[PDB]
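Since the structure comes first, as structure tokens, the remarks are kept for the end.
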Amino acid sequence: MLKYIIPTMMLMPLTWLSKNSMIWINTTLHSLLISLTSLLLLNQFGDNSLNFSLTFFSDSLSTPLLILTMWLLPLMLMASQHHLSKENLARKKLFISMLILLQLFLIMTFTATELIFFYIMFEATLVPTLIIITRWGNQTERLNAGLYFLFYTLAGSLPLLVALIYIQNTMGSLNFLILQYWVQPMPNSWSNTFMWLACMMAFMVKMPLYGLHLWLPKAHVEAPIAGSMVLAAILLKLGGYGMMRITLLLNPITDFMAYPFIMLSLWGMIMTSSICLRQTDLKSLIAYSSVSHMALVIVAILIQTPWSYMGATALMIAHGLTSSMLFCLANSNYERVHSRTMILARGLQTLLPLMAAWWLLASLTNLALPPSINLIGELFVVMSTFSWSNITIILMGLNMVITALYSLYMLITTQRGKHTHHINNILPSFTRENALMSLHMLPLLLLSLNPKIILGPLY
Amino acid sequence: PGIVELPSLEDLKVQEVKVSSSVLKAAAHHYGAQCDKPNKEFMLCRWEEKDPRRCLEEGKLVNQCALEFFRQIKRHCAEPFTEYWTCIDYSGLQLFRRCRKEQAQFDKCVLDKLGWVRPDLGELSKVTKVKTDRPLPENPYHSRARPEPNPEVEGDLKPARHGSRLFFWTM
Ligand SMILES: CCCCCCCCCCCCCCCCCC(=O)OC[C@H](COP(=O)([O-])OC[C@H](O)COP(=O)([O-])OC[C@H](COC(=O)CCCCCCCCCCCCCCCCC)OC(=O)CCCCCCCCCCCCCCCCC)OC(=O)CCCCCCCCCCCCCCCCC
Ligand SMILES: CCCCCCCCCCCCCCCCCC(=O)OC[C@H](COP(=O)([O-])OC[C@H](O)COP(=O)([O-])OC[C@H](COC(=O)CCCCCCCCCCCCCCCCC)OC(=O)CCCCCCCCCCCCCCCCC)OC(=O)CCCCCCCCCCCCCCCCC
Ligand SMILES: CCCCCCCCCCCCCCCCCC(=O)OC[C@H](COP(=O)([O-])OCC[N+](C)(C)C)OC(=O)CCCCCCCCCCCCCCCCC
């Protein structure tokens, strides 16, 4: 993975030695070159993973997450260069260095062969994200939101540290390749009960679990646009990646430990979706929709069937692209009206027709329109949870009504109706903004032509 | 633990030297010159055995050789010896230097009638050799078996197999 780690590190002298008018264009160019090189991870086999070294490997789970991670950095640079145009030059370079450092932590989070190196990178991803939210967020509440984002994660994850070192002492290793072959059945006990909780609650916070999700509609709202893109597109998927690695070690106890959490997600995706019906803050509406979509990934991991893991990784990649595009659209209005209130600027299809087409496509992929990979992941999780219990389709289908209802109401409030009369600074869409929308949406629609690369280790 | 072994009161009966300390101090240099051999045999046995119960008989020889020392004074030179230990006996610190003329008369009478030479300065403090027939104590401290030491280090030092083996570090 060192062919991806060293170019990401060389982005640091690339961004600190550039000319002052050149520090966006060079980083965008070479991050796009790294994302072009990211397709060499697709050397995946039907039997074996692509095992690079003692430290790094990549199966078909980490590979779409790595391509999405290396693809999201140029899009974050495009999104975050307008509102940081008036910024000091050294602080602008520090912002770009925090995004580069976060990508550098993420690409060896997803490729960590050993689980405590996974933990170290997985918790190293806090510090650039925390600094970005609490330094380049706009409002007052970013300090409090950074505290919530920090201390839900660490309160969930410092038990995970003790649990991983306990597995290290018991099994002798935390190599995932060794633990594929040395995994022992985890019997029913209270010791193994709190073992399961210490392995799972950090990722339950990262997904987020409903009830633990309170950090998210602050940390995804009080952040700048690049922070919201990396949080909702990648950093919610560290939890699903970690669960799909760690439930190997937690059998057969998971088969009854999952029952409360599944309820917390199956009811949670009813509640949070319903919350999106009555949100005034558009960025908070996208945040509670993110909680609603990640509840399905929690259910699909906790029922641990093949169709569920395929649908869960498809839904994670699809939700990454979709929610990142939705945050970028909310920023495209917020750079014009300077308020995140959704009822403020209405009827924007009368003024921005192509941007309203981007809103339409993002909302149709949000409501899981076939044959988008949003619907592929949605539908496969629905199939596997129907095999889990035939009643859950009700809680699925009612969700699939409300998921439609907030996706179009967001379209109806922002883009339709009569426009707001007193707002007259609605500029035409810049080429940068439509470029960002197309670089979100065109990969998302091209993946419908060949979805087997985003279906994970057991396609 | 075990019962301590005390000797009988008959094993402790001996003819005592019932003289005062000024009598002993006045006759001390001639006692060290004449009663050398059984005294040094006893003190060799006393520092080697580290037990008075293993040193009774030699001790009795000391109490046998002292008395024969005094009788040989009492037969021949009772007057200068009495006149000398009385003068030694007057002093509260029992100084030899207060009594040099009675010392000279006692030494003259002893060297004439018995041939004893008083030891010079330095002689009675010498470390002497003693030829005994009793055996050397092989375990005078009655020490039991000592524990075996831990096994030492041996073998050429090879590198660490796969380095530190700390969690993910390869060196
Ligand atoms: C490998 C090579 C592949 C080549 C083929 C390409 C494959 C698909 C790629 C994406 C295609 C769509 C891209 C354009 C949409 C975004 C921009 C836009 O709105 O432009 C409007 C604009 C025309 O409008 P305008 O008047 O100028 O201004 C816009 C108005 O202001 C206002 O606009 P509006 O509201 O009037 O018009 C928007 C309208 C609004 O209409 C809708 O929203 C209705 C759509 C949903 C219902 C109908 C479709 C349902 C699903 C069935 C179709 C798929 C399966 C069919 C097969 C049989 C059944 C299995 O949408 C359209 O007209 C687009 C029709 C196609 C929509 C696709 C479905 C999107 C829905 C959400 C996801 C659902 C699943 C997607 C599955 C994709 C499978 C590939 O179009 C352009 O300028 C086109 C620009 C160039 C597009 C390039 C596309 C490819 C890019 C990939 C590059 C790299 C690979 C190389 C291939 C290059 C090929 C050329
Ligand atoms: C004819 C006579 C002469 C012959 C000459 C032959 C050589 C010719 C070329 C000369 C140069 C050779 C360079 C050393 C050999 C390659 C070492 C290497 O790549 O190890 C991969 C190493 C292990 O990966 P691998 O694929 O299993 O091993 C490949 C080889 O077999 C590695 O071999 P190994 O298995 O024997 O390695 C032993 C072990 C392998 O590692 C392990 O066993 C795992 C433990 C590694 C440490 C993990 C710590 C995690 C927590 C902290 C994370 C910190 C934040 C990350 C960075 C943030 C930004 C600074 O190394 C360590 O434990 C040492 C720690 C890592 C130091 C690597 C060398 C760095 C020198 C330059 C430093 C510049 C700043 C670098 C960034 C700072 C962080 C390192 O990769 C990582 O740990 C990932 C991070 C990348 C490390 C630095 C890469 C070196 C090149 C940097 C150039 C770009 C600089 C950009 C500007 C400054 C930063 C913004
Ligand atoms: C998001 C916030 C909440 C996070 C929740 C995190 C998980 C909840 C439970 C955590 C328990 C503590 C870590 C358990 C690690 C288990 C590792 C192990 O070896 O287990 C088997 C061992 C068993 O011991 P053993 O394995 O050494 O014994 C040998 C084996 N037998 C049993 C056969 C003899 O379990 C324990 O030793 C104790 C486990 C429970 C510990 C309870 C103390 C912690 C109290 C709760 C803390 C909750 C979070 C705190 C933060 C809240 C917010 C601020």
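Just so you know, ligand 1 is whichever comes first in the structure, and atom 1 is the first atom listed for that ligand. Labels below follow one simple rule: chain letters A, B, ... track the order of the sequence lines, proteins then strands, and each chain is numbered from 1. All values below come from the heavy atoms of this structure, side chains included, with hydrogens, waters and symmetry mates left out.
Taking the centre and axis of the six-membered ring of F122(A), the NZ or CZ atom of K206(A) falls inside the cone set by 45° and 6.0 Å. For the pair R135(A) and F95(A), the cation does not sit on the ring face, since its NZ or CZ is not both under 6.0 Å from the ring centre and inside 45° of the axis. A cation-pi geometry, defined here as NZ or CZ lying under 6.0 Å from the six-membered ring centre and within 45° of its normal, does not hold between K452(A) and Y459(A).
Under the 4.0 Å distance rule, the nearest protein heavy atom to atom 39 (C) of ligand 1 falls outside the cut-off. Distances from atom 96 (C) of ligand 2 to the protein include at least one heavy-atom value under 4.0 Å. In this structure, atom 40 (C) of ligand 3 has protein heavy atoms in its sub-4.0 angstrom surroundings. At a distance under 4.0 Å, no protein heavy atom can be found next to atom 36 (C) of ligand 3. Atom 91 (C) of ligand 1 is flagged as protein-proximal [any protein heavy atom, distance under 4.0 Å]. Distance check for atom 4 (C) of ligand 1: every protein heavy atom is found at 4.0 Å or beyond. For atom 19 (O) of ligand 3, a protein non-hydrogen atom is found at a distance below 4.0 Å.
A donor-acceptor contact shorter than 3.5 Å is absent between the side chain of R245(A) and the backbone of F176(A). Remark: side-chain polar atoms of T15(A) are not paired, donor with acceptor, to backbone N or O of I96(A) under 3.5 angstrom.
Checked against the 6.0 Å centroid criterion, the rings of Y210(A) and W267(A) do not qualify as a close aromatic pair. In summary, the aromatic rings of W215(A) and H220(A) are positioned with their centroids under 6.0 Å apart. Ring centers of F256(A) and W196(A): at least 6.0 Å apart, outside the cut-off. Taking the six-membered ring for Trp, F117(A) and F167(B) have ring centres at least 6.0 Å apart.
Of the protein's non-hydrogen atoms, the one nearest atom 27 (O) of ligand 2 is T55(A) OG1, 3.0 Å. Summary of contacts: the protein heavy atom closest to atom 84 (C) of ligand 2 is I5(A) CD1, 3.8 Å. The nearest protein atom to atom 18 (C) of ligand 2, hydrogens excluded, is given as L2(A) CD2, 4.1 Å; this is a heavy-atom distance. For atom 52 (C) of ligand 1, the closest non-hydrogen atom on the protein side is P371(A) CD, 4.4 Å. The protein non-hydrogen atom at the shortest distance from atom 55 (C) of ligand 2 is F105(A) CE2, 3.6 Å. In terms of protein heavy atoms, atom 76 (C) of ligand 1 is closest to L445(A) CD2, 3.7 Å. In terms of protein heavy-atom proximity, atom 25 (P) of ligand 2 is closest to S53(A) OG, 3.8 Å. The nearest protein atom to atom 6 (C) of ligand 1, hydrogens excluded, is given as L446(A) CD2, 4.7 Å; this is a heavy-atom distance. Nearest protein heavy-atom neighbour of atom 46 (C) of ligand 2: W169(B) NE1, 4.3 Å. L361(A) CD1, 3.9 Å is the protein heavy atom nearest to atom 15 (C) of ligand 1. In terms of protein heavy-atom proximity, atom 56 (C) of ligand 2 is nearest to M108(A) CE, 3.8 Å. If you check which protein heavy atom lies closest to atom 34 (P) of ligand 1, you get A357(A) CB, 4.3 Å. Protein heavy atom at the shortest distance from atom 88 (C) of ligand 1 is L442(A) CD2, 4.8 Å. Among all protein heavy atoms, the one lying closest to atom 35 (O) of ligand 2 is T170(B) OG1, 3.2 Å. For atom 44 (C) of ligand 1, the nearest protein heavy atom (residue, atom name, distance) is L364(A) CD1, 4.3 Å. Ranking protein heavy atoms by distance to atom 21 (C) of ligand 1, first place goes to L354(A) CD1, 4.4 Å.
Between the side chains of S363(A) and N366(A), no donor N or O sits under 3.5 Å from an acceptor N or O. No hydrogens or angles considered: a donor-acceptor pair under 3.5 Å links the side chains of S324(A) and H440(A). For the 3.5 Å distance criterion, the side chains of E123(A) and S157(A) qualify, holding a donor opposite an acceptor. Of the N and O atoms on the side chains of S97(A) and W16(A), at least one donor lies less than 3.5 Å from an acceptor on the other residue. Side-chain N/O atoms of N175(A) and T113(A) include no donor and acceptor closer than 3.5 Å. In the model, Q304(A) has no side-chain atom that pairs as donor or acceptor with a side-chain atom of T247(A) under 3.5 Å.
Comparing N169(A), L158(A), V205(A) against atom 1 (C) of ligand 3, the shortest heavy-atom distance belongs to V205(A). The residue among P353(A), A356(A), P370(A), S448(A) with a heavy atom at the shortest distance from atom 50 (C) of ligand 1 is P370(A). Within the set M121(A), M9(A), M171(B), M10(A), the minimum heavy-atom distance to atom 99 (C) of ligand 2 is found for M9(A). Counting only non-hydrogen atoms, the option in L360(A), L369(A), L449(A) that gets closest to atom 72 (C) of ligand 1 is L369(A). Summarising the contacts of atom 32 (C) of ligand 3 with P187(A), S157(A), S191(A), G156(A), the nearest heavy atom is found in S191(A). Distances from atom 48 (C) of ligand 2 to the heavy atoms of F57(A), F168(B), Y4(A), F52(A) show the closest one on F168(B).
Neither the backbone nor the side chain of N192(A) has any atom closer than 4.0 Å to an atom of ligand 3 (non-hydrogen atoms only). Contacts of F194(A) with ligand 3, taken as heavy-atom pairs under 4.0 Å, involve both backbone and side chain. Only the side chain of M12(A) comes within 4.0 Å of ligand 2, judged by heavy-atom distances.
Between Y406(A) and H293(A), the ring-plane angle classifies as perpendicular under the 30° and 60° cut-offs.
Checked by distance only, ligand 3 and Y152(A) stay at 3.5 Å or farther apart across all their nitrogen or oxygen atoms.
Within the structure, ligand 2 has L101(A) among the residues with a heavy atom less than 4.0 angstrom away.
The residues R432(A) and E335(A) are annotated as salt-bridged, a charged nitrogen and a carboxylate oxygen being separated by less than 4.0 angstrom.
Close contacts between ligand 3 and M195(A) involve ligand atoms 17 (C), 18 (C) [criterion: under 4.0 Å to a heavy atom]. Counting the atoms of ligand 2 from 1 in the order shown, those under 4.0 Å from a heavy atom of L104(A) are 57 (C), 58 (C), 59 (C).
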